[PDB]
Every structure is written in C-alpha cells, then in structure tokens.
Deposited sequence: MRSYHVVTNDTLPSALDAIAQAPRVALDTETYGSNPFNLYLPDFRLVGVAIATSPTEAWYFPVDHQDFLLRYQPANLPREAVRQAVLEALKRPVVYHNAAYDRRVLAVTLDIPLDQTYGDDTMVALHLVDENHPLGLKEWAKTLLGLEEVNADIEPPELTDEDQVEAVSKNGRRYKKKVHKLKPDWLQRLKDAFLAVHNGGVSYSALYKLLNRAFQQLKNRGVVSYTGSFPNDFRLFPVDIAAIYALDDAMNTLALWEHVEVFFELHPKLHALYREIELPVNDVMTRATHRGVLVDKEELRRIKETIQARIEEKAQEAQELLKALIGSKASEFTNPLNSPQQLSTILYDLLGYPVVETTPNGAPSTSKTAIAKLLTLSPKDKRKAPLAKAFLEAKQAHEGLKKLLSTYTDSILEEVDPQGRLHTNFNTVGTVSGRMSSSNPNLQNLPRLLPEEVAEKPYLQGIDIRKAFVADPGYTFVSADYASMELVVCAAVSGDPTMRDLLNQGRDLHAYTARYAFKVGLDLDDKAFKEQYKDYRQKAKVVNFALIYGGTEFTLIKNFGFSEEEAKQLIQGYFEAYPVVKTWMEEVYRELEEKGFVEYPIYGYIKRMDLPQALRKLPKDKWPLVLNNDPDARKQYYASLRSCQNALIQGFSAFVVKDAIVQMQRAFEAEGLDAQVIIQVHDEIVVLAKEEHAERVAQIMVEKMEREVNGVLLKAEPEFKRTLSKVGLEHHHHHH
C-alpha cells in the first residue's frame, strides 16, 4: 500500500492520479464537541482521505496542529483541498457512510449535496448482511481479512536525555509501521503518540501539564495519514466485493440503485436542511415537565403520609433518593425483594418497580395506596426521563440559526426501516388516546409542537391510512382481509363476529356500539397476531382469559385463513433456506444464526439444537424476528419508495419542497406556502397505490408544527 501526504508541491501529481483513477473513495477526518453535529460553530474538517486504488491513497491535511514541538507540515489551503475534491467527484465516487461524509463536504468545503452524490459501501453491504455491524472496521475484518492492531506499541529512543534526535519523527513513524501489518487501531495510535511525548517529558525535551491530548489535529500527519488513508483504501477494496455480490444478485443491485441509495440521499438532504425550533415552546414544555415532576413528589408524600403515618416526616425526598426508597418499600411496607443490585442492596430500579405493580405488601389493606405510591414513582421517573432526553439534550444540539438536524440512518434496521436519532422520532410521544390513558403524565407534553415550519413555509404531512393491516393483507395475500379493507369495513368487527359468534347481523357500525369491548379485544388480535400468534402470547402479554384467547385465535384464522397458510410457509422456508425474499422489493432477510450452526452442515444442526438450549433459543428468536421483519420491512420499503418518487417530482416541477421527516406510517415535507398546494397533490399520488390488490390510501394535512 502506498500512502501519500499531499503538499503544495505534490498536489499536481495527486490530481493526476485522481484524474486517472477508475473509481475513487472519499473519507473525512473531523473534530467537534459533538463531532456528529456538523452544524455547531466548533465543528472543523481536519483532513481528507482520497483513495485512487485499494493500494494507493492521498491525504490532504487541512487543520492539523503542533503540540509543543514543530512537526506538522503546512496545512493545505482550503481552496486547494476543495479543488482536489471537486476533481475527485468527476470520477465514480464511493463512501463508507455517505450521509456523514457528504454533509461534511458541504459544510466544510461548500460542495453541495448535488455534486457529492456517490456509492455507499455501508448501504450496499447492509443488503449483503443486515445482521452485520455497519462499522467500516468490522466489515474490513469480515471481507478484507484485516483485523485492527490493538497491541501496545512502545516508542523508540527519541533522545540523546539531552538532545531531541533529528529524525525523531521518522523513528516514531517506523515504530508504528513495524506493527501495522493489518492496520493499527485509533486507541493504539493514541497510546504510542502519548507514550512518545511522555518519554520526551521525562527527559528535558518538553514540559507539558499532564498527559498527551486525544486530539487527531495533534497526531503527526506522517503517522495519522496512514490511519486515515487505510479507511479510504478499505472502502474501495470493500466496493470491489460489493460489485461481485451485485453480479450474483441483480435484484438487490436494482433495489440498491433505485430505492436504497436515492432514499439515503433524500434523508441526507433532510438532515442537512434541519427543522426550525420554537425555543419559547421548548421552555414551556421544560417548565411543564419540571412542574409535573414536582407535583408527583407531593403525591408520593401525601401517599407515604397515609402508608407509614408519622414516620413519613422522616423522609424528605423519597422518590429521588434510593436510600429513603428501599427503606420505605421493603423495610417499612413489607414488600417481597424480587431483585437486588450488584452490591446486594435491595434494588429500587425501573425493572424492579414494574414487578411490585403486580405484587402486594405486608398489610394487604395498604395495597391500593402502595400501588398508587409505586405508580407515582413510575410517573416521576417517566417525566424525569423526558427532560434528560429532549428539552436539554434537544436544546444543546440546536445550531446557531435555531435549526435541529435530526439524523436518519437509511440502513438502521434489519427489517429495512429507517433509524432516527438526535432526536429519535420514534421515541417522541405522539399523545395517542391509549398512550396517554395508559401513562397519563404525558397529557399536554407535546414535544413535536416545538418543531416548527419556517415563516413562509408549511408542513405538508401525509399519513398512510391503517397501513399495518393493508401490508398484512398484501404480504399474506388473504382475500377476505383485502376485500374488507377495500370495502372500508371494520376488520375488527369482522374478527369479533367470528371469534365470539355474537350478532351476525349487526353492521360494522352497530356492532361497535353493542358488543364494544369484544370488538376492542379483536382490535388487539388483528394487530398482534400478524407477528406470529399463539394463545400463550395473547395471555402472557395482554392479560386475556384462557377461554377468550382460544375464542379469538380460532376466529382470526377461521375468518382470514390464508394468513395461517402464509405463516406456515414463512416459518417453513426460514427453517430450510435460512432467509426470506421481500414480496415486491426483493430484499433478503437472513437469519442471525448462533455461532454454532454458522458454517455447519444442516445434518449436524439437530445435534446442536437438541443439546444446546441457548443456541436453540437464539435460533427460534431469529426465526420469529425474520417473520416479523417481513411485515415491517415490506412497509418500510413501500414508504422509502414513495419518498424517493415524490421528492423526484418536487425536483422535476421546480418546487420548494423537500421531505423533512418520516416516522411511523407518516411522511412530512417542508414546502413553500405557494407550492404546498401541488406538494400535497404529488404526495398523495406517489403515496397511494394497490399492493397485491390491497389498496393504499393517504390523507394529507397542512400543519405549521410536526405536532398531533
């Protein structure tokens, strides 16, 4: 491997090599307080790695700096590095995490997302093995046979305890290269650099406060460029493997080019744009949460006052302090200790408290107050978690111009759904009537109301009507399920009418009124039974009676029998082939087999399964996970497909619209007020379709906040 550190003199040769390269890889080395929030004023680009072949790369130092001694070469001018990247973009480009690197290039070098589109090994390799980690380090060990070296390297003698050796940097680089056969780890590189400066501090060479700082800017470029350049060469080497795999699977090659890479691009642009944040409304949520956390402590106090009487004065902060808490629950109330900490003290944790909301205390008369007391503690920690996750940890991250840049990981689930972070939009409570009535402390805590559309802009939101049921009927292919969905009939009333055999003449509207709570028991089944259903799952999860569970499950399969036969074939094909192929998209959902069974003849499998109960537990969990992913993953790709198609049409019609967020069965676009009209039209046209004869419909809304 040839590692080049580019200088003003070497730049024309690096440009010549890039121009001649058949395909190039781009990797960025950066620094920030949050190196992920590129939009904070402290964020900086340190260097750019450009690999022209799997064995040749060029490092462009941009913001490297000198620690105590003068060893760094002159950083290249920002315009020189930008011209190198622009020349590299003319050739076919490959990235490992294009969503990050393309946003780095746009923020630090002003190279718009328009120019920076390229291939992404991390996205393509997710189609090769979704159960494999996304890490470039991890994939390099898996396909390229290159483990990272995490040994402890000790430096050569850089002194002669009086004079620094003139060639000390060449001596240090050579000590590093002697152990770099498969490539040194970042931790090991830091340890050697720190050890080298510590030897210098022990001699009279340098005098620094304490330890060497963990700052890539200070790592000598001659050594650091080896690390950075290996990442770019490994990305290119991994792409060679991807092209071979795509030869074997042209259905996945087309799924990658038409849906996966374009959807990644759409969501990279969405993170880049960022949603505007109402800081005033955030303070109201923060102040309302803070008020309610305090409210819940007074509730706990008045409850404790009745629970332990006059001894309740002897406790000032029972909820917060786990000292006063374990004394109350166990020592005083006589609660059965069904969990302890590593140090053997009785555990007052979230998990342990969930258990005591079934269990009972010594005086069974105090039980309704003890229940109320633990419920107050649950609500207290519930409200307390909302603050520590999204009021302050959401306000920290807001860029100078008040926008929040939510990250989306296009390949963030084994099913194929998008992951979301900073903020995880899934874990933002959309205050649904059931969500609230279960956990009522959420009432009024609308976090999405603080996510605002810019002045002159609107949010055009569109939600797939009862998608889970549509997708279920589509993937399974039950005609009864499909026809009811197309006829707009209450699928749940059809289930309850078959499971209980009551009122076989009350229309779907009349049945809802008369046998109300039996229709809602079927509404639970129609949704939970798609992901594999047994009487055990209905009881050990929903609190169903043994009589009720059998009534419902026999009716669900009597009414929609193709669901049963479909489910039989999914579990049968998974047990034999070890994977399933997605109906319309062709995504392969492979099973995450236990380490035993991996590279083992199927005839040798029963020996493993029949003996090892841990491996069989992994096997059967992996089997259910694949079946579940067939439904979530199918709708994930349907939504992904709609996003790229609607976004392509906004671009085509010259509209000021861009898909800003997507969560659950919902797509939100940030559109200019005049364009909102047509944006909503395009949204519904690209969203509504007829999957396997099952009709998908979607109703649009013009919101000014992401709120519900």
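Can you list the gaps, numbered from 1 on the deposited sequence, where no C-alpha is modelled? Sequence ranges with no C-alpha atoms are 1, 162-178, 727-736.
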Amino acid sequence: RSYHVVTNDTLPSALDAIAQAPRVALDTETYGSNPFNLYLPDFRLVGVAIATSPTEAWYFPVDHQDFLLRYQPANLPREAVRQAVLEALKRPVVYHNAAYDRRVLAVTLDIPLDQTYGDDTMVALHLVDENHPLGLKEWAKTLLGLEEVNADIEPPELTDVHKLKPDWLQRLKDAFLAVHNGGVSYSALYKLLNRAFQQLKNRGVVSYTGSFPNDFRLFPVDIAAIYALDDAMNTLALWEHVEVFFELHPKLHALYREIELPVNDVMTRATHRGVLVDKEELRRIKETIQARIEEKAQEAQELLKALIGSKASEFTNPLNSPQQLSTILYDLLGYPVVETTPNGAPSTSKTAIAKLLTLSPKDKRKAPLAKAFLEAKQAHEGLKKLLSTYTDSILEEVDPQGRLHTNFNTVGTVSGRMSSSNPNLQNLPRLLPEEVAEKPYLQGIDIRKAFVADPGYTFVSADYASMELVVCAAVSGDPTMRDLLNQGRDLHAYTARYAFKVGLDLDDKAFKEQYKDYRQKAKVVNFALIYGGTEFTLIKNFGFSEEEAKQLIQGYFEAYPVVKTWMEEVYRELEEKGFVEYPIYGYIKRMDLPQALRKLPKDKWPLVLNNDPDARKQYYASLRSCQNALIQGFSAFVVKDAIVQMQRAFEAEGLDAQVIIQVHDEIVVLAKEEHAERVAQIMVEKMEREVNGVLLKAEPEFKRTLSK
From here on, numbers count along this sequence of modelled residues.
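Please work out which of 510-518 and 96-104 has the higher mean CA B-factor as recorded in the PDB entry. Taking the mean C-alpha B-factor of 510-518 and of 96-104, the larger value falls to 510-518.
Is the mean CA B factor in the deposited entry higher across 341-349 or across 272-280? Higher of the two, by average CA B-factor, is 341-349.
Just to confirm, going by the entry's C-alpha B-factors, which of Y582, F579, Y556, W239 comes out highest? Comparing C-alpha B-factors across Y582, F579, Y556, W239, the maximum falls on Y556.
Among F634, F536, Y464, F451, where is the Cα temperature factor highest, going by the PDB entry? Largest recorded C-alpha B-factor: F536.
Position of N628 among the chain's modelled residues by C-alpha B-factor, lowest, middle or highest third: Middle third, going by the recorded CA B-factors of the chain.
Place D174 in the lowest, middle or highest third of its chain's C-alpha B-factors, as listed in the PDB entry. It belongs to the highest third of the chain when residues are ordered by C-alpha B-factor.
Ranking the modelled residues of this chain by C-alpha B-factor as given in the entry, is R257 in the lowest, middle or highest third? Its C-alpha B-factor, which the entry lists for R257, ranks in the lowest third among residues of this chain.
By the recorded C-alpha temperature factor, relative to the other modelled residues in its chain, which third is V436 in? According to the entry, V436 has a C-alpha B-factor in the chain's highest third.
Taking the values exactly as deposited, rank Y71 by C-alpha B-factor within its chain and report the matching third: lowest, middle or highest. According to the entry, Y71 has a C-alpha B-factor in the chain's middle third.
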